[PDB]
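K.L.:
Below: one structure in structure tokens.
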Amino acid sequence: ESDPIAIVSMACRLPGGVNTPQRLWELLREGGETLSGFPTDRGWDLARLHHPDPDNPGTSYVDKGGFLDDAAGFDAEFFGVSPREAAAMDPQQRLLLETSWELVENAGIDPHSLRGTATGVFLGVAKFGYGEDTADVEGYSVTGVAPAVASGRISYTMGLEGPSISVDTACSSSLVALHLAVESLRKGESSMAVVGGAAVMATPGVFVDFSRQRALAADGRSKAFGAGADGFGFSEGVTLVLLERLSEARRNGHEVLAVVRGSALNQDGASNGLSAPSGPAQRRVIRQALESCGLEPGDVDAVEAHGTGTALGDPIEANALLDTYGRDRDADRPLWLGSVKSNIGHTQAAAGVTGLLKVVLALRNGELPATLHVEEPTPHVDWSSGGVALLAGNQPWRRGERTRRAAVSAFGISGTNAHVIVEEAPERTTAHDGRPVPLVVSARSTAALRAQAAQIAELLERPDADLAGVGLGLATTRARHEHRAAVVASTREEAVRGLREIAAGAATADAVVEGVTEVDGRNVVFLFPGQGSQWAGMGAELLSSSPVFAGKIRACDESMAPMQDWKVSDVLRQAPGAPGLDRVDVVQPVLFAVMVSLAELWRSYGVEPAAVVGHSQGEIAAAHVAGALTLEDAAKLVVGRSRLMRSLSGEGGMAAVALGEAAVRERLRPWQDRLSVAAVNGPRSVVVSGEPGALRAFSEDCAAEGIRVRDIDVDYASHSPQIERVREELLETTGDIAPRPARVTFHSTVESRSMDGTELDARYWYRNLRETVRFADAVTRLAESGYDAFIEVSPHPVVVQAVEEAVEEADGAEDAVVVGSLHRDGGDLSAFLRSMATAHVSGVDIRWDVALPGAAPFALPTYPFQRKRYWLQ
Amino acid sequence: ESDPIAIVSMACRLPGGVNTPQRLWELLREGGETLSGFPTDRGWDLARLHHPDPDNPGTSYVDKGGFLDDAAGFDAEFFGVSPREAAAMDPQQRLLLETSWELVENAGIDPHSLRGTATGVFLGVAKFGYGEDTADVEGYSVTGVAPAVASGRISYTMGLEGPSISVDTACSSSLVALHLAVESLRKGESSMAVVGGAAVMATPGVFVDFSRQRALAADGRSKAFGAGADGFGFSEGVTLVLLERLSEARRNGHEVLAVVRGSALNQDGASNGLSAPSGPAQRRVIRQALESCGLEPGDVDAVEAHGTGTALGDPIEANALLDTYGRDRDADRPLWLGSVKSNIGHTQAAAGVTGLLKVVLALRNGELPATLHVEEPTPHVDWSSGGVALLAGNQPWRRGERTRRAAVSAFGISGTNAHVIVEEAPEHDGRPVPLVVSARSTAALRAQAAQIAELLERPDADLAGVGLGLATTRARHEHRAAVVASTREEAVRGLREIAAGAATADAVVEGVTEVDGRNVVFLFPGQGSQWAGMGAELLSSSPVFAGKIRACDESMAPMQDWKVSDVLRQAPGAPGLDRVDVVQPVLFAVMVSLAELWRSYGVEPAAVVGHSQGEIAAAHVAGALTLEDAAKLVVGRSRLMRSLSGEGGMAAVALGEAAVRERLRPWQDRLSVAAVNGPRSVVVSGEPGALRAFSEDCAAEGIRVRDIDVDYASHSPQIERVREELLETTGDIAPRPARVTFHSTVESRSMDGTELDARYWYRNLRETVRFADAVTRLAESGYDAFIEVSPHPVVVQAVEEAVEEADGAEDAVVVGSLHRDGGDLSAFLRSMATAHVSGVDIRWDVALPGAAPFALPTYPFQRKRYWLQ
Ligand SMILES: [Cl-]
Ligand SMILES: [Cl-]
């Protein structure tokens, strides 16, 4: 067995529009062909290129061949490559960047997740003369055509760290690569491998050279094992497979298309010419392939041959099959023989791995396609004698009792031979609907995002299969790029409706969020506001749709039970008998629970705060979330404090003033029954606190002068001298709370610095209660020191504006996110998912798979490349 | 750790005439350089090519580089290449053909012994634009530049049958190549592997290219880890090593130069820029090397750096070292660091294996050579405190205490990296010496002789060593020559003589053969070849000979008084060669012993043939008769001819048979025609009166009849008179199926051993020896080499004559074995030489017991210019 290697993904660019393994299966299955005239768009002097006489120098006797449809197109911004470098790059490299991205995308892996891993690269490639003719301080022009860079550049671009090797063994290049990668894998030197070949003809060089030799079919058809075998027909290809040991695919959960069971390489040495095949040599590689995995010939159902259609090489190839595979035999199980080159020509370095594509595609589509141009088999072989049988039609090849196996052989003109044995993979709607599902798309440009939304738009309306799978597939399975957009939708018509809006550049729409970011992650600050953000709705829908949130609400009710007789879930529910949100000593606990429970919900989706900050009593919640306070000590505090506030009802009062701290401070000098400056929240937002009669007189006092003062709905003057008289009951009710080390940076709005959780004494909480809360300064200092994403953890965003203000004016922060979490006519799961989208799109990562337990990833289309023509004269 | 891969051999073409590993060592020892002007034989437009401002399109600001001496020169006939295919071959491919040839020869292997073997070939190569505008029904101009054909062509021409892979990883291609080879060896997919790389710049392209980026050292000196590091300095090289697993190299007796302990490959990944080096990546590749072979950093003594002499790459490289090998280190045994490129430049695809060559030569010579251009080490590194110490001067590095280990690192511009750990290897005559030389042309034989004569003057020399190595270590080609010498002075005389292009001393023989193998006939003549002293020096010498002689002496012991041993040494009062009853048994015993000598040396007859009594040694040699039975016969019929003396005579007539018969009718007392030996060679036998008359009628028509020194008349009618006792005396013989074909000259047909009855032996004695038309018949059924196994050659020209009048051989060879005053082993060797030199193969090692093979020079290629214009 030993640890057998899986084919985990595939990708191609082949002649005729075949830019997808699916499109190649459709070609094989309709039994079609992709020959076409020489390309009109590569600069070739087509008038002078053609001449019927082989011996005529400098010309080709064939004007048919297999060519890629737009070999010059390339998305260069996508690959961080400039217009000039692109121009200088061989198409072989450009198509490999595209193909290898497709290939990983195809295997259901976010490409970015291979960054830094021992992923390796093994390629067949050679120069065709793209460099040559027309004469770079960056040396784009040596690096753009070097075969060694074709490997390298895939690694550099994708961040891979395994071996990257380019191999030239001619028309076996890609099977040799496969063989090297298995070993690399077999021995742990590579964890996955990208394996293949590229061949894109820059010049008609190969046509002219081989016309000299009379080596080309006149038709341009590669008639494998047919009576007309005429010569080669050359084609272009860029084909790739992704390999991983079977054990490792399972453990990561990657779908396995097939299994490389074994393979062999050899050389046929002293043949009848450097040029010519060797039948003994072929018999030998075949036999050594079978033995290297423990198989006997009988175990193999089909061979996808080298089959070039060369008058001399087909008989040699077939007889060698007849001498190995054909020896034993049920006269009712012959070895099925065909070749891709009949469909799509000879793709040179991409030849052998293209052999694989067909094989793996036959495996998974349960049948063997026909080979073409075989109305009559070549007369130089005994066919109906011995057991090798051309695939004149397509045959069933279905999962049954008998294991399915088939082999690929490839044999270059330098004489190095490969033969790989492929085996079917071992054998293989888990709940869904109702419920919100986030759809996030991204792309490296505006045009790409619009396209990316539109192809997902059209996927979802294919009623086939649906909502959360596309959701999960989008989240765990595509890279997250700079341009992001997100739809929260619970119904597929809803979703396409909003992807369309995105595709259409028509921006807005309610549950549709768009954004742009250059960080792929940030330093997150959770901000816990004071009272003011409460609504009678608050946590209801959440309690019934979210186990994590009801989790904490339930824990809080548990911690608070000895301190009161009403319970938060009951107030959140508005049950008959619910205390109502009028009395501070109900509000402040309820809010603590809510704020603290949301913080929890955020952490569910992997958002961990690097710091917290809190406004007034909000610091208690902040403090519990950094973990400086157990839930019981937090509750003790929040309840002790507010029960007192409720005793002080009528004794004092508070107001917001549309003015700066200093102006307010000159204004308050005639008083002391009202040295407020309770709170400073921004330049035009300052709270003032003290005896009613000095407040009324001071506030009225600037209705003259037209300075805005709004009164805050509160029955007491906190952060003022009118607080001094509850100090003892407080330090009493609440001493020997036991504060601990903070897991998270706690920046205090009272002390105006980071505070070890150990300093969060009962005396500190008194100070909180007693002193001006320095809210704008806190936020400002945090933005000065690098923090990037400011998230208000409340029922309604009361401090967002204040945050946008403090960030705005602070050195270097025109790249920062401020977000709330719930609003008044919009608390509930999808509202919250909307906040997270809003945070996501400006750079904060969320683990969306939490919103989708049970869901299974839908296979998605690949990146929407935004191509431009690159090509030199 | 257990059975890693031995490097058993080394080969190179580097700049400055550096065409031999030891010349490479000469260079590292003297701390020399190979910088030179741009070559004037490659068709570059030198006048326009060079210009000091980097910005200027089309040009280089550098005018110096490392280049080969004869990049265009190739011996195409040697490799079976047509002068057309050759002009069209990338120099990279031609040099790879030559250096791979040398590599195997450097190993002490006959490169023909690898034909049909699983030897694999793993090379770094890339296209430099050889054909790209000169401007061919054979495909020579396509196959001639294909990177894949540079490996494939090695396998095609040497009959090698393992994987042959071309690999382009840029600057690390060779080390990648190495890694892949080691894997294929470790898993038994190849038995041996040729590994290395090739780089030959056909066009100034790289120079124009890396000028435009100011990447080139102004100077062109690759100042690795130097203060004044300036950029690359490019060079050409072709460099190979021969790998194989320790255990195989021990089985075949291949000398192990060093050991590839451990090895790893990785990638920069997403670093600072596609062609930029990554420190983190260098750290990880080092640590994977160490961890995959069970070593720890402190177990390594030296590092052969990628050391390109770039201002930006060296500190990165050195800090990686300083971060893995130095970190912990003893103050006292720090890591020695140097780079071959200080010496010879960046040789590109070949850079890695060339570093590797450096490392091994350093292993063989017990020292680490100095790195150059380090008067002041770069200050961007911190040599100050700890582990890394630049090889400012040569350092001793000898076998002994700790195992010696060094690493070679290599880092391509494509970001693929390589770190490989190399460890040290584990723990006369007075007599004649045969020296065989061979080559593919006569010019080349003269050169090979020439170069071996030079070898043999070096005080030291060792005749038998050079002999042992010429014989067991080199292909045997078409043109062949041989000297049989007992001293150095005389060997040199002989070779010099072959190299002079004319003339023979007896000790020297030349030949041209198109076979490397013959179908041998052993011929066993009769009375005539006897000479006093015959066996002697050979008894005292050659025990194979003495043993059979002794074996004959037992056999004959119940049958006579005298020892055959005694007759050769001429013992006081020993029988003497004047009477048949001695002469016959002695010749039986000598011929039979000589036949065991030839077989000693691996010459096994495919048929034997006999003249009259020589059919008895024939029949024993073939296995039809035991030694006892054959002795009964030889003694049996010798004894009846002493009792027939003076009764008859015998005489050669120089006339054809038919006409001899036409003259024999009036005397049927000579049903002579005793023997027919050729067209003017017939033997007559009978009553002495009758013979006198016939002779006197002969003389008198001017027909020459001489008389034979014999007193009896075998094959005559007089013999009917003794048939009696012959059968009584000679029955009880048990013929026995023979291993080897017995072509009878009595009956003229291959015979079947078991027909060799007493009654057949009587016919032998009575009927006429049809010797000519026996040999002609053998010659026509495709037998090819005729060895007269006798002590003087008595049928050789009769056999020559018979062979020329037979369709088939323009080309047979006929040699004898000894001569009258050339008995002795060195006479016998020059006899085998003569036969060898025409295609009979000989196990010559047999002549040099206990010798030790001596390193030789490689094939002296006869090169012509090939270049496209
Ligand atoms: Cl066979
Ligand atoms: Cl590290």
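Lettering and numbering for the structure tokens are positional, with chains as A, B, ... in the shown order, residues counted from 1 in each chain, and ligands counted from 1 in the shown order.
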Leaving out residue 815 of chain B and any residue of its chain fewer than 2 positions from it, which residues lie within 9 Å of it when counting only C-alpha atoms, given as a PyMOL selection string?
P.N.:
chain B and resi 785-789+793+796+813+817+831-832+834-835
K.L.:
Please identify every polymer residue within 10 Å of ligand 2, using only C-alpha atoms and all ligand atoms, and present the set as an mmCIF file with N, CA and C atoms, in the first residue's frame.
P.N.:
```cif
data_model
loop_
_atom_site.group_PDB
_atom_site.id
_atom_site.type_symbol
_atom_site.label_atom_id
_atom_site.label_comp_id
_atom_site.auth_asym_id
_atom_site.auth_seq_id
_atom_site.Cartn_x
_atom_site.Cartn_y
_atom_site.Cartn_z
ATOM 1 N N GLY B 279 16.586 34.673 4.079
ATOM 2 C CA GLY B 279 17.291 34.196 5.270
ATOM 3 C C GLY B 279 16.536 33.103 5.995
ATOM 4 N N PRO B 280 15.294 33.399 6.468
ATOM 5 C CA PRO B 280 14.427 32.326 7.041
ATOM 6 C C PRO B 280 14.448 31.054 6.208
ATOM 7 N N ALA B 281 14.310 31.160 4.882
ATOM 8 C CA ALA B 281 14.355 29.964 4.009
ATOM 9 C C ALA B 281 15.716 29.225 4.054
ATOM 10 N N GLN B 282 16.805 29.993 4.134
ATOM 11 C CA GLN B 282 18.150 29.419 4.292
ATOM 12 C C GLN B 282 18.290 28.722 5.627
ATOM 13 N N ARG B 283 17.774 29.333 6.688
ATOM 14 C CA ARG B 283 17.802 28.672 8.011
ATOM 15 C C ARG B 283 17.094 27.315 7.966
ATOM 16 N N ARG B 284 15.830 27.289 7.521
ATOM 17 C CA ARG B 284 15.028 26.057 7.462
ATOM 18 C C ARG B 284 15.647 24.938 6.572
ATOM 19 N N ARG B 287 18.470 23.279 8.498
ATOM 20 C CA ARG B 287 17.970 22.442 9.593
ATOM 21 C C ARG B 287 17.245 21.167 9.150
ATOM 22 N N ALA B 320 22.486 33.339 8.060
ATOM 23 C CA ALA B 320 21.759 32.110 8.168
ATOM 24 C C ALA B 320 22.672 31.070 8.825
ATOM 25 N N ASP B 323 23.275 31.823 12.236
ATOM 26 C CA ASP B 323 22.094 31.547 13.053
ATOM 27 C C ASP B 323 21.776 30.059 13.294
ATOM 28 N N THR B 324 22.390 29.159 12.517
ATOM 29 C CA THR B 324 22.178 27.713 12.705
ATOM 30 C C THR B 324 23.448 26.983 13.157
#
```
K.L.:
Report, in Å with one decimal, the straight-line distance from atom CA of residue 380 of chain A to atom CA of residue 230 of chain A.
P.N.:
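Computed distance, atom CA of residue 380 of chain A to atom CA of residue 230 of chain A, equals 14.0 Å.
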K.L.:
Using 12 Å as the limit and counting only C-alpha atoms and all ligand atoms, can you tabulate each residue of chain A that touches ligand 1, with its shortest atom-to-atom distance in Å and the two atoms involved, as JSON lines?
P.N.:
```
{"residue": "A:268", "atom": "CA", "partner": "ligand 1", "partner_atom_place_in_ligand_line": "1 (Cl)", "distance": 11.9}
{"residue": "A:278", "atom": "CA", "partner": "ligand 1", "partner_atom_place_in_ligand_line": "1 (Cl)", "distance": 10.8}
{"residue": "A:279", "atom": "CA", "partner": "ligand 1", "partner_atom_place_in_ligand_line": "1 (Cl)", "distance": 8.5}
{"residue": "A:280", "atom": "CA", "partner": "ligand 1", "partner_atom_place_in_ligand_line": "1 (Cl)", "distance": 5.2}
{"residue": "A:281", "atom": "CA", "partner": "ligand 1", "partner_atom_place_in_ligand_line": "1 (Cl)", "distance": 7.9}
{"residue": "A:282", "atom": "CA", "partner": "ligand 1", "partner_atom_place_in_ligand_line": "1 (Cl)", "distance": 9.0}
{"residue": "A:283", "atom": "CA", "partner": "ligand 1", "partner_atom_place_in_ligand_line": "1 (Cl)", "distance": 6.4}
{"residue": "A:284", "atom": "CA", "partner": "ligand 1", "partner_atom_place_in_ligand_line": "1 (Cl)", "distance": 6.6}
{"residue": "A:285", "atom": "CA", "partner": "ligand 1", "partner_atom_place_in_ligand_line": "1 (Cl)", "distance": 10.4}
{"residue": "A:286", "atom": "CA", "partner": "ligand 1", "partner_atom_place_in_ligand_line": "1 (Cl)", "distance": 10.8}
{"residue": "A:287", "atom": "CA", "partner": "ligand 1", "partner_atom_place_in_ligand_line": "1 (Cl)", "distance": 9.5}
{"residue": "A:288", "atom": "CA", "partner": "ligand 1", "partner_atom_place_in_ligand_line": "1 (Cl)", "distance": 11.6}
{"residue": "A:319", "atom": "CA", "partner": "ligand 1", "partner_atom_place_in_ligand_line": "1 (Cl)", "distance": 11.8}
{"residue": "A:320", "atom": "CA", "partner": "ligand 1", "partner_atom_place_in_ligand_line": "1 (Cl)", "distance": 9.4}
{"residue": "A:321", "atom": "CA", "partner": "ligand 1", "partner_atom_place_in_ligand_line": "1 (Cl)", "distance": 11.9}
{"residue": "A:323", "atom": "CA", "partner": "ligand 1", "partner_atom_place_in_ligand_line": "1 (Cl)", "distance": 8.6}
{"residue": "A:324", "atom": "CA", "partner": "ligand 1", "partner_atom_place_in_ligand_line": "1 (Cl)", "distance": 9.3}
```
K.L.:
Interatomic distance between atom CA of residue 477 of chain B and atom CA of residue 451 of chain B?
P.N.:
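Calculated distance between atom CA of residue 477 of chain B and atom CA of residue 451 of chain B is 16.7 Å.
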K.L.:
Write down, as a ChimeraX atom specification, each residue of chain A that has any atom within 7 Å of an atom of chain B, counting only C-alpha atoms.
P.N.:
/A:136-139,147-149,152-153,155-170,212-213,265-270,274,414-416
K.L.:
I need the residues from that last selection saved to file as an mmCIF file, in the first residue's frame (with C-alpha atoms), if you can.
P.N.:
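Generated file (result29.cif):
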```
data_model
loop_
_atom_site.group_PDB
_atom_site.id
_atom_site.type_symbol
_atom_site.label_atom_id
_atom_site.label_comp_id
_atom_site.auth_asym_id
_atom_site.auth_seq_id
_atom_site.Cartn_x
_atom_site.Cartn_y
_atom_site.Cartn_z
ATOM 1 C CA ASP A 136 15.057 45.903 -18.790
ATOM 2 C CA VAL A 137 16.740 47.387 -15.640
ATOM 3 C CA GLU A 138 14.676 44.849 -13.692
ATOM 4 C CA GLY A 139 15.741 42.073 -16.081
ATOM 5 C CA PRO A 147 11.878 27.544 -17.364
ATOM 6 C CA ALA A 148 13.247 27.490 -13.795
ATOM 7 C CA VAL A 149 11.101 30.548 -12.963
ATOM 8 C CA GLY A 152 9.702 29.466 -8.897
ATOM 9 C CA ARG A 153 7.166 32.105 -9.769
ATOM 10 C CA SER A 155 5.992 29.338 -5.330
ATOM 11 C CA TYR A 156 6.888 33.026 -4.849
ATOM 12 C CA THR A 157 3.446 34.266 -5.724
ATOM 13 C CA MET A 158 1.559 31.697 -3.705
ATOM 14 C CA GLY A 159 4.072 31.611 -0.780
ATOM 15 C CA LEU A 160 4.823 27.884 -1.143
ATOM 16 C CA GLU A 161 7.972 26.507 0.552
ATOM 17 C CA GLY A 162 8.467 22.978 -0.717
ATOM 18 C CA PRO A 163 10.777 22.153 -3.642
ATOM 19 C CA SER A 164 9.956 23.934 -6.929
ATOM 20 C CA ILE A 165 11.508 22.101 -9.824
ATOM 21 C CA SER A 166 11.215 22.353 -13.560
ATOM 22 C CA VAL A 167 11.984 19.189 -15.518
ATOM 23 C CA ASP A 168 12.663 18.737 -19.290
ATOM 24 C CA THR A 169 12.407 15.133 -20.399
ATOM 25 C CA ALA A 170 10.521 16.208 -23.475
ATOM 26 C CA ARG A 212 11.843 19.523 -42.426
ATOM 27 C CA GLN A 213 11.698 15.938 -41.106
ATOM 28 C CA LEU A 265 10.740 5.653 -15.078
ATOM 29 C CA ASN A 266 13.415 4.284 -17.294
ATOM 30 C CA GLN A 267 15.411 4.912 -20.430
ATOM 31 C CA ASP A 268 15.696 2.824 -23.409
ATOM 32 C CA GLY A 269 19.470 3.347 -23.880
ATOM 33 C CA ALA A 270 20.905 1.843 -27.041
ATOM 34 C CA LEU A 274 18.568 8.781 -30.473
ATOM 35 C CA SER A 414 15.331 11.725 -25.448
ATOM 36 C CA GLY A 415 14.335 8.157 -24.492
ATOM 37 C CA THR A 416 13.106 8.539 -20.927
#
```
K.L.:
When you look at residue 21 of chain A with a cut-off of 10 Å (counting only C-alpha atoms), what residues show up, excluding the ones that are within fewer than 4 positions of it in the same chain? I need them as a PDB file with C-alpha atoms, in the first residue's frame.
P.N.:
```
ATOM      1  CA  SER A   9      -7.764  18.608  -7.549  1.00  0.00           C
ATOM      2  CA  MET A  10      -7.324  19.292 -11.318  1.00  0.00           C
ATOM      3  CA  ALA A  11      -7.111  22.264 -13.734  1.00  0.00           C
ATOM      4  CA  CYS A  12      -6.300  22.895 -17.346  1.00  0.00           C
ATOM      5  CA  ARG A  13      -5.939  25.285 -20.290  1.00  0.00           C
ATOM      6  CA  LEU A  14      -6.329  23.261 -23.406  1.00  0.00           C
ATOM      7  CA  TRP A  25     -14.851  15.762 -20.234  1.00  0.00           C
ATOM      8  CA  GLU A  26     -17.524  17.189 -22.517  1.00  0.00           C
ATOM      9  CA  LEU A  27     -14.995  17.046 -25.377  1.00  0.00           C
ATOM     10  CA  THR A 239      -2.347  21.094 -17.297  1.00  0.00           C
ATOM     11  CA  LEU A 357      -6.881  14.231 -16.609  1.00  0.00           C
ATOM     12  CA  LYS A 358      -8.743  11.926 -18.956  1.00  0.00           C
ATOM     13  CA  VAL A 360      -9.321  10.658 -13.635  1.00  0.00           C
ATOM     14  CA  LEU A 361     -12.251  12.076 -15.499  1.00  0.00           C
TER      15      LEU A 361
END
```
K.L.:
Could you check which of A:369, A:653, A:820, A:15 is closest to residue 696 of chain A, using only C-alpha atoms?
P.N.:
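Going through A:369, A:653, A:820, A:15 one by one, the smallest distance to residue 696 of chain A is for A:653.
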